[PDB]
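Here's the structure, in structure tokens; my notes come after.
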Amino acid sequence: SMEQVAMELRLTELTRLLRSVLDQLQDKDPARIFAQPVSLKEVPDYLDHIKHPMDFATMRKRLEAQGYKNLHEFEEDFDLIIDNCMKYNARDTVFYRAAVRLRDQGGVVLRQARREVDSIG
């Protein structure tokens, strides 16, 4: 149907905007701490601690499959990156501190993304 196509165009455009958001957030992680999945070879107990691991590469795979239907779903995955790190790692660590900085800096990007998503529909 033409309606299904229009819906698909909307999803494609959301995907375009979320790709730009993802790029801007990942620039706030210049150490690449959150770039890839925590390695279960290197942290073999990780899944005993963290039940839903997340990282920027995994988000990008979902994004490119158009697997985010709305901004809320995308934000959920970004918050997992931060929140998983802040639980596994202690306050005095470069990992925790990186997550705090990513959260604080990302907030600004996400505030305007929400306005854009609502504005453009």
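Residue numbering for the sequence shown is 22 to 142, as defined by the entry's author numbering.
For each residue, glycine too, the CB sits at the ideal point set by N, CA and C.
The alpha helix (DSSP H) with residue i in it runs from where to where?
i, result
"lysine 108", "92-109"
"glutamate 85", "77-85"
"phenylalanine 116", "115-141"
"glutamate 63", "Per DSSP, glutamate 63 belongs to no alpha helix (DSSP H) and is neither H nor E."
"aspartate 48", "23-48"
"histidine 70", "67-70"
Contact defined as beta carbons within less than 8 Å: I believe residue i pairs with residue j. What is the distance between those atoms, to the nearest angstrom?
i, j, result
"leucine 32", "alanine 134", "Between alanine 134 and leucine 32 the Cβ distance is about 16 Å, and since that is not below 8 Å, they are no contact."
"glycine 127", "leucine 46", "5 Å"
"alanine 56", "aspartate 50", "7 Å"
"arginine 124", "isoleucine 141", "At roughly 26 Å, the Cβ-Cβ gap does not stay under 8 Å, so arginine 124 and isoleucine 141 are not in contact."
"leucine 131", "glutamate 94", "Not a contact, Cβ separation roughly 13 Å."
"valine 138", "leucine 92", "5 Å"
Leaving out five residues before and five after residue i in sequence, what residues of the same chain have Cβ atoms less than 7 Å from its Cβ?
i, result
"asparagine 105", "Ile71, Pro74, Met75"
"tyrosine 109", "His70, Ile71"
Just to confirm my understanding: we take residue i, look at its own chain, exclude 5 residues before and 5 after, and list those with CB closer than 6 Å. What are they?
i, result
"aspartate 98", "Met75, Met80"
> Does the pairing of the segment 25-44 with the segment 55-64 give three or more beta-carbon distances under 8 Å?
Replying inline: no
> Do the segment 72-86 and the segment 117-135 touch if we need at least three Cβ pairs shorter than 8 Å?
Replying inline: no
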